[PDB]
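Read the structure below first, then the notes.
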Amino acid sequence: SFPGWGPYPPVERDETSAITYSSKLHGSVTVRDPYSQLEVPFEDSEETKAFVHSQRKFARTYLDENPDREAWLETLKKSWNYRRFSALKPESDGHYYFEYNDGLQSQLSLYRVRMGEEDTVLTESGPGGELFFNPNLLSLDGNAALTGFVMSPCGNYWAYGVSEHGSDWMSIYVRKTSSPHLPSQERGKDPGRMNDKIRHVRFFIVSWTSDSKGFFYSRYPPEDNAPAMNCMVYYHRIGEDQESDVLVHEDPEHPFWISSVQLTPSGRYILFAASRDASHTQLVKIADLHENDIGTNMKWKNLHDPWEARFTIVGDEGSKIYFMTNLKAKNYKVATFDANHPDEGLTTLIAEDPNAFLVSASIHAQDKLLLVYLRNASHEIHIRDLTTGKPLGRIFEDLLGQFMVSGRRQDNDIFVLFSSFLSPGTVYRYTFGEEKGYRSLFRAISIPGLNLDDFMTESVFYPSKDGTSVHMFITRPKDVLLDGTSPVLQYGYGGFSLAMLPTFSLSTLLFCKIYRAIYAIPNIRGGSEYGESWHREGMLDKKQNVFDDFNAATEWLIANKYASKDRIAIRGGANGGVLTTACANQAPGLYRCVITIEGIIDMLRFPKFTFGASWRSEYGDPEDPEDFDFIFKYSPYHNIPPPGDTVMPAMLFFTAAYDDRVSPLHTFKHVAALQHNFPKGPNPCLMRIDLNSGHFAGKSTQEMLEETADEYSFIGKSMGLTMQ
Ligand code: NA
């Protein structure tokens, strides 16, 4: 039987294309890749162009034929038109800065208010204060993004990154803090900036010297799919051209290594850190900027033996530097180094918590050390004495979710942004005291037409295949019955010590309301939810544990009558695309709809493209014979089930035509192979393409809504759901 939506657009095959891999078990294994031509970028291949255009047109026709697509876009537009803001961030110009969106602006704007006048911002009258920077003015389409910013210590200068209009490359710009954007400036330019333009940057790590004369940054050779190579550290002096910038570090022997510098808050010490993979291990060196001219002739001293640990600067006290480090402490700890006694090594200030991952450490009110711990898949705030490390107790103990803390060592107050599945964003002020402090509600995000009291988030524990107890969040309307009829949207990642925290998404709650559905977040292995050991149990030869955890979550939801066996939708992005494609291959019968965002799918070829080589610490090295065998077992691109005795779920793949973070070739080849293997469906396999590269880290509000309307209408069609 031939479905009315077919046939699929044709995709050229290369029947001769193969690579031979060393294998511990088999000696050698020859892997055919009939779609290897789709590894050539869109801009360089007419074949890749023809594939993208035909697949894009085919997907759009199917998605747009569904009237629920426009119904979802209208519902999303109306509900997403709510005011959003960050916590107040104190800066060296004596102003608080905050992110603001009226509702449907493409990008967040940056506003400011004099410290002491903050009670006049974020009222019914509007954001108040003064507009500082409006990213919406940068591009005609609103796809140009602020990638970061750092104010000069003097408070006169503001260094900031803007993503270039084709790519995930950026330029660093500088403007005076006396040159804000004006509300009536025209789109397509950046008015009021200084002449400085730092090109060839792929990540924003900028550190000003204490004299405010310049900043350190990391850059690459000029850009005229290939692995990212030859990261260099430079120093830029304000008012000079980039051509005058002084080279601080290059390592031509190790072109895949990523390098950056961080300065202590005093600006006295510079920490050089190199990374050779995605693991939390560095090659680290410290220099005293008072001993050295900026250049390649600086007196670098070894902080510790290379590749054993990561070191993040938390503060300084003369020659004493405070570090958050995992040195002999996989869950991280706080330790001090005396730059005057390097050979004495690191002294523990806050011991590793064996049962809690330390996320951050920051100094406040001169000598209060604030620790954010991850315990039971949510944030805890602990206060410690900076001098002794002695515990001073807990704050916000009653709030279960995630926190963003803003405030400096010199401020007695912090602003804390609290959020969860059910809390869109409450900014609390906390004022430090002698024995206890005082907490005040500053401002709360409210969403018109959403009643947060209509929803709940349950915490359950389920056994995985191997008997391991896994935590899962289940968000649902309180009035949805547990009678085994509800649809599920189940989101997972599983990797890189990244926790799936309670996180606010209006879209997800609208999915729950409109489809009487549950939103399930199983805290599967690979994440840091139960400490670094939770990551170690879900990587390399144990990556299969991640898929088993996710499958067992679905089986538990069905068995305990949370969900209909026929209405499971799964969702994942990047490393989460390994999860969605692997689970679809290994248990196609569990799932009715699979959403993959910028998926990693070819687990043999991933090292050959942009930043993929760094993922070898997580997945293994496919060119190592031992690693090949365990990677090849699950590599979703190489394990599409034979068509004869499998019905594939409906599958929708989101990707840009250009993406540095995950090369779109992963999606291109897997979509080609799925369509070839299952040419008659019965369930469609579609690729939803953005041609504007709408950056992950810089996506306009309107693009996000269109993508969500495509995703939800496709899930609705695929699982036979009616919008309520
Ligand atoms: Na823009």
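Indexing begins at 1, ligand by ligand and atom by atom, following the structure's order. The residues of the chain are indexed from 1 along the displayed sequence. Heavy atoms only: backbone and side chains are in, while hydrogens, waters and symmetry mates are out.
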Round to 10° and report the angle made at the Na ion (ligand 1) by O of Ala144 and OG of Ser139. 110°
Is any side-chain heavy atom of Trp615 closer than 4.5 Å to a side-chain heavy atom of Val662? yes
For residues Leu146 and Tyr160, determine if any side-chain heavy atom of one lies less than 4.5 Å from a side-chain heavy atom of the other. yes
Any N/O/S atom, backbone or side chain, of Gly142 lying under 3.0 Å from the Na ion (ligand 1)? no
The Na ion (ligand 1) to nearest N/O/S of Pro135 less than 3.0 Å: yes
Distance-only check: which donor-acceptor pairs under 3.5 Å involve side-chain atoms of residues 414-424, not counting sequence neighbours?
unit_1, atom_1, unit_2, atom_2, d
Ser420, OG, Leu422, N, 3.1
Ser420, OG, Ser423, N, 3.0

Contact list for residues 192-213, test ring pair (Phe, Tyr, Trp, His ring centres under 6.0 Å), sequence neighbours left out: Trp208-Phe215
